[PDB]
Amino acid sequence: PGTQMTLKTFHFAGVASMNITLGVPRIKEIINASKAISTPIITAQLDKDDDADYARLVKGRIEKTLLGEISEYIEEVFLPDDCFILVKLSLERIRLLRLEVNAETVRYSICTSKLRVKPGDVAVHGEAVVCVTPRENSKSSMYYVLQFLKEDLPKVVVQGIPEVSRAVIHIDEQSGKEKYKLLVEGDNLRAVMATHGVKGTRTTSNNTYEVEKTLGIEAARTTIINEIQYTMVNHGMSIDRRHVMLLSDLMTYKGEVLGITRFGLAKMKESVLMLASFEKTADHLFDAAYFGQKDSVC
Amino acid sequence: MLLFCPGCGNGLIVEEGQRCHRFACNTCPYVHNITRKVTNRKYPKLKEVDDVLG
Amino acid sequence: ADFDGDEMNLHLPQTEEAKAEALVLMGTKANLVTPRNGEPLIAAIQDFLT
Amino acid sequence: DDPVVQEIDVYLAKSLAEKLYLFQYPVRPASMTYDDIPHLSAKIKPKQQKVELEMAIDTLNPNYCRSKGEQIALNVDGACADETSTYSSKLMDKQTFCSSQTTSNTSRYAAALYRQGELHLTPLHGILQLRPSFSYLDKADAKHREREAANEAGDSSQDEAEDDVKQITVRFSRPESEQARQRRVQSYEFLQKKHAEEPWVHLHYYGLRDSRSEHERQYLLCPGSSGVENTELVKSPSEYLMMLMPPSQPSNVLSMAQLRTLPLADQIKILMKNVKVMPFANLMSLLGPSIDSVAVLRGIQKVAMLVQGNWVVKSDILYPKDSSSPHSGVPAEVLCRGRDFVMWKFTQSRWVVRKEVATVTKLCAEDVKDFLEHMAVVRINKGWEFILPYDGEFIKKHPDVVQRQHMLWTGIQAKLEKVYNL
Amino acid sequence: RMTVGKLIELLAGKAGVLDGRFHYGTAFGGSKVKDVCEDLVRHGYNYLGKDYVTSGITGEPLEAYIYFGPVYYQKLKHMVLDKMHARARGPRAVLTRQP
Amino acid sequence: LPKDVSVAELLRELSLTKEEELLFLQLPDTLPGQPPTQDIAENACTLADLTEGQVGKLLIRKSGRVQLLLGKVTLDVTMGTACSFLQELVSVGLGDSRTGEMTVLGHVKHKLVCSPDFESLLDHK
Amino acid sequence: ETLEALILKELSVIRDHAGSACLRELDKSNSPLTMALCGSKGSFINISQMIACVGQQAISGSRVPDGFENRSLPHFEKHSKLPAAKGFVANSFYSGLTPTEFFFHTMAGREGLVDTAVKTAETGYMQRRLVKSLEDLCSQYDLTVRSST
Amino acid sequence: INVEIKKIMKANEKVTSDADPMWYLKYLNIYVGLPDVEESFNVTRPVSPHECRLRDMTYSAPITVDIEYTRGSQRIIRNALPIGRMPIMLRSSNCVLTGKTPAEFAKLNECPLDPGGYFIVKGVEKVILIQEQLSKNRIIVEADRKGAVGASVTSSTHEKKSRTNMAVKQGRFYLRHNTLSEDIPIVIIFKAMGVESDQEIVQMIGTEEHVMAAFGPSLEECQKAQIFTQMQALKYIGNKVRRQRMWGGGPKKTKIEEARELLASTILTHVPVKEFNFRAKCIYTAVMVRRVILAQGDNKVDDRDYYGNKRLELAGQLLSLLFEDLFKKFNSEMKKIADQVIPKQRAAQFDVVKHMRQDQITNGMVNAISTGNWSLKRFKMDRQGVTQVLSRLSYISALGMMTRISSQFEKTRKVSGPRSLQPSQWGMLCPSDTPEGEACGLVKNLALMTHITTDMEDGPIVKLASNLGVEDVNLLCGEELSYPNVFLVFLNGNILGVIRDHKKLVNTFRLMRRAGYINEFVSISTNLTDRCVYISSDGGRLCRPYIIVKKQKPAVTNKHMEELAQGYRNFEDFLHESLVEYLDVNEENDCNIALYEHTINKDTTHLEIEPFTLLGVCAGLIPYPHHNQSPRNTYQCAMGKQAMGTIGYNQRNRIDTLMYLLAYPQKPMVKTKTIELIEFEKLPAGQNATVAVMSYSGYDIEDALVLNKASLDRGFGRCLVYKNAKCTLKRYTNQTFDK
RNA sequence: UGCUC
Ligand SMILES: Nc1nc2c(ncn2[C@@H]2O[C@H](COP(=O)(O)OP(=O)(O)OP(=O)(O)O)[C@@H](O)[C@H]2O)c(=O)[nH]1
Ligand SMILES: Nc1ncnc2c1ncn2[C@@H]1O[C@H](COP(=O)(O)OP(=O)(O)OP(=O)(O)O)C[C@H]1O
Ligand SMILES: [Mg+2]
Ligand SMILES: [Zn+2]
């Protein structure tokens, strides 16, 4: 089927966007069992799939939002008494996107996980006003270290999962009812399931490593099977489910998803001759000579 | 923001003097005290509402 | 194949056991279907369907 | 679009041709000027122009930091040495602007002073860009190095008399290879030393507010009448174009321009060799009307023959004596005889049969085809017809040439009857 | 393969051999289909190349007309005589004793 | 600040106001003339070879055309690069071999560029 | 992208309508139509392309990209997003393709050729790996699939 | 062989040794002469190419030179002393086949229709394929593996080639060069190149708000350090410099000196410095930084496949480089022999005549043309597959192989990026002609109507640019570079200056080129996105002729075509009369071309001469190609190169290792105009058969065909295969011979 | 290297 697959394009899966790798590259990424894949997709179901307000709310809850994306203007004000960076939050855009963010939440997000600024340096001067006061930390950072914060402060997260990069509201238009789901282009399934309003029981993912680490090895096997079947069906060619089931089991019979690459092949197999013939001939041969591993003819 | 000394043309840092904050150059004694408020807005593009594709 | 100049290989086994195994397992009548999905590959072609 | 208004005159001044310089500050906007800044001196060199301005800056102004001034003054100079100090007092009081040369030649640049109804142009002897130089830091670093050396020496309280007598380390003045000598000459240090070899010249500064400025500003003008016809600047557009763009220094290789540059005889010869069929009017039009008709006629009578009022290039012209048939390899004489027979048949009758010519001349089909295609076209049910129509105008205009060509064709017919036994 | 160019070439060649001419198949031009159809109908042949043909085996006419015409076929250097190969025991290599 | 044009520049320099102005124009490498008795060759003819007096006229035709008639040929004058930094035209006259005088003549604000009208020179002959 | 999608939709509408018209006007016993009906070789799309109108030349699932500055070929105006200037082929193979249409078709053909060339080697390597990894399993007599060890 | 060889000889006219001064060897004039054979004992004899093909020898001419030297301080001159042998290309100026008639060709046993242009070495016919490479001295903005949009520039001069890059890995611009241990900030390099004020640097980079916002981090990083003067920056650079493995000679505190030399000579070699004046180089790096900043926003990344930035090296440039390298090696060997012989041999004065080995250059050229592997240590160029065996399968095969072009990529893996058919190949290369297989997309063929430009003097170009008002870059600061109406004018990668109202400049330059004062091959293009006026005059650029259109009416009329048909004018006359002009890829990128007259609109500058010229030679045989599919045309071109047919009129006397001939070859009935142009009808490679499209006996299921027995019996398809069996009876060292 | 498939 790899030769039969044409490696087509324009197959956005009905969203007309979010280019996903499908075809021989996708089968390669699946069989390699790489920890980080290209264009990871996470499908999450909603408890209230008929309401769009709740869908956008859970989106804003899961989607990463930077401070610069919600603030209307950031200005460095050098008052005659002291200098500090000021940030004005656009409450209008906040209520438009339905993000549960305020000045105090922004202050708490600052000083945490980035830029090391202490809580005593950040203050709130109004309903949608935040202030940051750098200091002479003496770590090659004089007061003009402003020029660092002014470049880093706009990229500080205020809400959402840091790993999540983009989340969209997909809609299924079934004749019975039009339902809403979340398509997240991130690499964090645990955080998506742990978020409020997301039906963690019917949440899947494309990255096999995340499924393995989160929901066990059987979940990883099922995800591999479903993903291979879907990737093969996208090209109009069908394969008996038994082949993909055997492949997934062989990849998930030692309790860990081991890829088909030389590393997983060596971790699974034990014959020295086969490993030496596949790849790394001299290295494997010298390692076996050192270990004195006797190889059978099974 | 970026400002330069009329004397030599190097960048002006902001430092706390003996009376008031001032712009100063690291290669000459030129200084300039701040009298009124000075602001430099950037107007970041915000996030937009994205839609319900599907 | 498409009969456009393709060169194919022809091998002759040198053992009765190999001959029997090739005739039984690799028999044309016994492999009219592919193990991928069971669909028949050996069927009519152009100038036979028309 | 006619010159309705603003017919301004242009005058030229040579009073300050060698004394006019253009100083531009790439780092100083035009809003702020140095008119209020008291200058101190200006070093300059006549050759290899590089001017360095030494000005004074105030200190009591609030835009000056006295502590940092003292710091930089103590860093650049010593505690109280003051023998060679970049600043007279203990503060940074003098500022140095160094000049960089934009281009070597500035003859194409001129300063234009505009007065009511006139514009005076004065050449520029040189253009330099003035930028704030950082030279006090180099002396500060040298002083820091000498202070470090002094500290290394005073590492001990009392330093015994060192027996560091300078052994005679006189090195060989080795004969330097030409490549290494060129590398040395092209080195930056050598150029800098050569520039420094020229002595400096000190000049005082006279600001724009001084009376001397307005006094000397009048030299940019020139005494002269309003209307004067310049003796020079009278070359035609073609001469100017030739000045501002000086020159660097098949048989149809030569183009039309290269053709016209050759004598009339060569032009006619090449035109008859390329076309082989053309009327006289077309030749006169191509060569040009400025050429007399008698000369063109005498030239074409030598390399062409008259056939039905048209001109056909002679056979020997197309086939030199050392050439041969590209298809059969027969000598050029036989080709000339065959072409003459074809031309004679065309003069006798407008319709010529290919088979008859092939049978008489005993030539192959391809040679006869090439001979006919040069002056004939295929007409169905009629054979071969002359490509051009009967031109009676040229025959009526020149009867003497017609008679000359008739007797020449009679001679050629006699020769052909003798050769081919017609 | 949608090789209509082959059909156009065949029709033009048929018209040329009928009227004793050499049609041009110049790219983005050449002789049009209407001219060759006129040439075919003028000489008494079908204006589409298809002609009434009788089966040589059974001797009965065919239910469908056959598309005849002169086509410029060129033989390639690939021959079966040079590509035919059969290997007996034969020699073996010195390093590894294989054919 | 809108980009001005030479015609309107001269118009507002003479009609709207009468104060003199210092300009810096760039002439071509070779002028349409011959060095007068300068010991030659078709070499470059610059202002250093020409004498004083009237050397050419400046015409302002309709539609904003600004030409310079410097004899039989006519160049065209356009606005050069709009310089915003300080440009001081000064006269450095070395009256004595030991002491000279530097005279600030004025300030340079606008720059002009004179170019041969190659189209006319080509269509002429 | 909205304009691109709308133009592609309009061109596909033209293509499908021309194909439907050609199929409805064609009479039975037509060899191409018969071979497309029986499924021996070809299809209705090829018939519509070679009779009625060739479809939009799509490179990587999109219109012909601008090879030159702001335009595919110098023969079209700059910033011109017209159909004929981006890959559309109004003429059919029977009527002949214009120079630009032929060039776009050759571009699509070479794109497909290079795609297949890369696919050959990629799938060869993938098959080698998969076989070398899965060549050890076998079905035992106790209905349990076991490895070599 | 007529110009470049003389320049190479003049570049190394004098060679001398350090020991025993006042001794020298001066070259005066070099000649190649006519092809000859060294068979006769110390005597030359004219030899024809066919004889060399038969005798398995090389078709070369003796390279001689007149010289003057000093034996014992007495000047001795030689007027004719052979030094080597240069393989002579067929149908060249010195070739014996040129200026010959078909009868004289028959006398020499050579086909008149033979394309020629290929070398004959040891009996084999080798062809030097046209090499394709990227244009040198050009800034390329591209994304890195990690997505960082950086810049690169490969400055290549006649001596050294150096690729310097600039990255934004950490929001600030670091410059990377092969001679620096670690990439250093760009502001330090600015301060080291003379410009020490940060305001001037910022003005040179740009005055736009986003430009300063993006460049702020670099200024801050430079301020963190104590680098504020030129001396400090030069010292830092020297600290970031490593010796080239202990260069011989006393350093003597050359750290700052080495830094300045690398800044002046090594970095950006194409940008010249008059006398340690980096102003031009400073402006160049500033424009590069500005381009990188502008590209860091909107993803306007330049593509490598754009053939407007490609250059084609023919056999001339390769042979010139090879001859220069061999001559330098010969001079070095002679100087070494002199140094070894003169100081200790004897009172017998040494002379180079007794040591001038004549086999060096001959063997070098023979090995370079035969093996095809070129190893130039002076340029560090290691190329392979430069020369290929001319395929004599048929006349079309050779005619198409002669006009091939290979890619610099040197296919070894699946890149799939240059393999695509770019719109830039319009009118220059054949879109359909390409070898089907692994070499698909990288082995291309030239179009039917195309031309490759050569190198010009570049003097009058600079003079006209200076006389057209181009302001000197050194006269104004870099702030003017940030204005919207100021356009940069370049010249072969070098900043020529700035200009305003570039429309007038371009129009006047084009009119002057049409007039004839400027070489018709000099290309001028304008890029409004970057606001840059490129003036290209280097060789290797692809140009195509186009009819000039003025005011909706082409300059070419029916009268001009009638005059051309009658012979009054030629193509050079159309070129001189401003009727047809050559346009380059970069130039036509800005021009408007019309395919036909009916397509001419108000905004049209040129007209297409003929559309069918888009196809190449092999694709020209396809009758009605616009009615077929593109893979069909590709396979047809591939098989036409292997089509069987006659080779030439001398195919009977020709003896090759493998030849295929057709018994009764017939010319096609549907012949394209390209067939008449290439004279393929004289040497056809097929037969016209009465084919009937139908199914018969089911023996034609998949692409197979049924042949008629009687047709084959009457001579249809009968072919002939000619093979060669060669044997050698050579004499060994001992006085014994093979009998 | 050229190819064939
Ligand atoms: N004519 C010909 N050229 C070859 C051959 N093999 C390689 N080449 C050329 O040499 C280059 C590649 O060399 P390799 O094939 O790696 O040579 P190699 O396999 O290392 O040489 P050996 O180990 O001796 O077989 C290519 O560019 C080819 O053009 C061959 O069998 N015949
Ligand atoms: N590199 C290769 N690897 C494996 N098989 C190849 C290769 N090259 C050619 N083949 C053989 O040739 C066949 C390719 O033909 P295919 O691509 O299906 O038709 P095609 O060559 O596109 O013909 P059309 O252009 O469609 O007329 C399939 C394969 O068995
Ligand atoms: Mg095949
Ligand atoms: Zn300063």
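- As stated in the entry header, the method of structure determination is cryo-EM and the reported resolution is 3.1 Å.

1. A closer look at the protein's contact with RNA strand I
(1) Moving on: Taken together, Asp4(C), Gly5(C), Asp6(C), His78(E), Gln388(H), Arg404(H), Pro435(H), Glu436(H), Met639(H) and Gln642(H) make up the full set of residues adjacent to RNA strand I.
(2) Moving on: In the model, a sugar or linking oxygen of RNA strand I is placed 3.0 Å from a nitrogen or oxygen of the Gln388(H) side chain.
(3) Moving on: Along the lines of polarity and charge, the residues of the surface near RNA strand I split into two nonpolar, four polar and four charged.

2. Some points on unusual backbone geometry
(1) Moving on: The phi dihedral of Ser113(A) falls on the positive side, at around 70°, and the residue is not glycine.
(2) Moving on: Note that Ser113(A) resides in the loop between helix 5 (103-109) and strand 5 (122-124).
(3) Moving on: By relative accessible area, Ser113(A) is classed as exposed at 78%.
(4) Moving on: For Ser416(H), which is not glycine, the phi dihedral falls at a positive 60°.
(5) Moving on: Its place among the elements puts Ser416(H) in the loop between strand 17 (404-406) and strand 18 (444-445).

3. Notes on the sheet that holds strand 4 (residues 83-89) of chain A
Residues and elements named next belong to chain A.
(1) Moving on: The four strands lie next to each other as 3-4-6-5, forming an open sheet whose pairing is antiparallel. On the outer flanks of this sheet lie strand 3 (71-78) and strand 5, each paired with one strand and no other. Between one strand axis and the next, the sheet turns through 20° on average, direction left out of account.
(2) Moving on: In this sheet, strand 6 (residues 129-132) lies alongside strand 5 in antiparallel orientation, the contact comprising three bridges. Bridge assignment links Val 122 to a residue of strand 6, and that residue is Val 132.

4. Notes on the interface of chain D and chain F
(1) Moving on: With 78 residues of chain D at the interface, the matching set in chain F holds 76 residues.
(2) Moving on: Summed over both sides, the interface between chain D and chain F buries roughly 7600 Å², with carbon and sulfur atoms accounting for 62% of that surface.
(3) Moving on: For the chain D face of the interface with chain F, the top three residues by lost area are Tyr114(D), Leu233(D) and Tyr240(D), together amounting to 11%.
(4) Moving on: Scanning the region where chain D abuts chain F turns up four salt bridges.
(5) Moving on: For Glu20(F), the salt bridge goes to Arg217(D), with nearest N and O atoms at 2.9 Å.
(6) Moving on: Counting across the chain D and chain F interface gives 28 residue pairs in polar contact.
(7) Moving on: Those elements giving two or more residues to the side of chain D that touches chain F turn out to be strand 1 (5-12), strand 2 (20-29), strand 3 (39-44), strand 6 (109-115), strand 7 (118-123), strand 9 (201-206), helix 5 (211-216) and helix 6 (237-244) of chain D.
(8) Moving on: When residues of the side of chain D that touches chain F are assigned to their parent elements, the largest contribution, nine residues, is made by strand 2 of chain D.
(9) Moving on: Each residue belonging to the side of chain D that touches chain F can be placed in one class, and the counts come to 50 nonpolar, 13 polar and 15 charged.
(10) Moving on: Two strands pair when backbone bridges link them, and strand 1 of chain D and strand 2 (residues 53-60) of chain F are joined in this way by six bridges, in the antiparallel orientation. Following the sheet pairing, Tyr11(D) is matched in strand 2 of chain F by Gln54(F).

5. Focus: the coordination of the magnesium ion (ligand 3)
Residues and elements named next belong to chain C.
(1) Moving on: Within the first shell, the magnesium ion (ligand 3) binds the protein through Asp 2 (OD), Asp 2 (OD), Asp 4 (OD), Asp 4 (OD), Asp 6 (OD) and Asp 6 (OD), at distances of 2.0 to 2.6 Å.
(2) Moving on: Sequence spacing of the donors to the magnesium ion (ligand 3): D-x1-D-x1-D.
(3) Moving on: The exposure class assigned to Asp 2 is partly exposed, which follows from its relative accessible area of 26%.
(4) Moving on: Taking the relative accessible area as the measure of exposure, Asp 4 reaches 47% and is therefore partly exposed.

Rules used throughout
- Residues numbered from 1 in each chain as written, not as in the entry; some residues may be left out.
- Chains lettered and ligands numbered in written order.
- Part of a larger assembly, values for the part shown.
- Heavy atoms only, no water.
- Residues with missing side-chain atoms left out of burial classes, pairs and counts.
- Near = heavy atom within 4 Å.
- Polar contact = N/O pair within 3.5 Å; in protein donor to acceptor, adjacent residues only side chain to side chain.
- Nonpolar A, V, L, I, M, F, W, Y, C, P; charged D, E, K, R; others polar.
- Helix = DSSP H or I, 4+ residues; strand = E, 2+ residues; numbered from the N terminus.
- Buried < 20%, exposed > 50% of the residue type's maximum accessible area, 1.4 Å probe, protein only.
- Pairing = 2+ DSSP bridges.
- Axes fitted to C-alpha atoms, helices over the stretch in contact; angles between N-to-C directions.
- Contact = heavy atoms within 4.5 Å.
- Buried area = accessible area lost by both parts, 1.4 Å probe.
- Salt bridge = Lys/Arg side-chain N within 4 Å of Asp/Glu carboxyl O.
- Donors = N, O, S within 2.8 Å, 3.2 Å for Na, K, Ca; no water.

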